[PDB]
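For the sequence shown, position 52 matches number 52 in the deposited numbering, and the numbering has no gaps at all.
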Amino acid sequence: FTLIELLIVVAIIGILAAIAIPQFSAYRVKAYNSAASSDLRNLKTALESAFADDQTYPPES
């Protein structure tokens, strides 16, 4: 019933949200980009190792 309860609830949740939205938006972004980059790295380096691809190229081309 007191405005003190409302002030505290809006304060604590105000901090929780203000950090959560950017931190979590950029988290799902960096997870998309971590998995995306590592997909293009891990499968390509495996292809170059399995077929021994570097054999047909000069040192640091």
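For each residue, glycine too, the CB sits at the ideal point set by N, CA and C.
- Judged by DSSP secondary structure, residue 22 falls within the alpha helix (DSSP H) whose first and last residues are 3-50.
- Rounded to whole angstroms, residue 39 and residue 19 show a C-alpha spacing of 30 Å.
- Going by C-alpha positions, residue 6 is about 26 Å away from residue 24.
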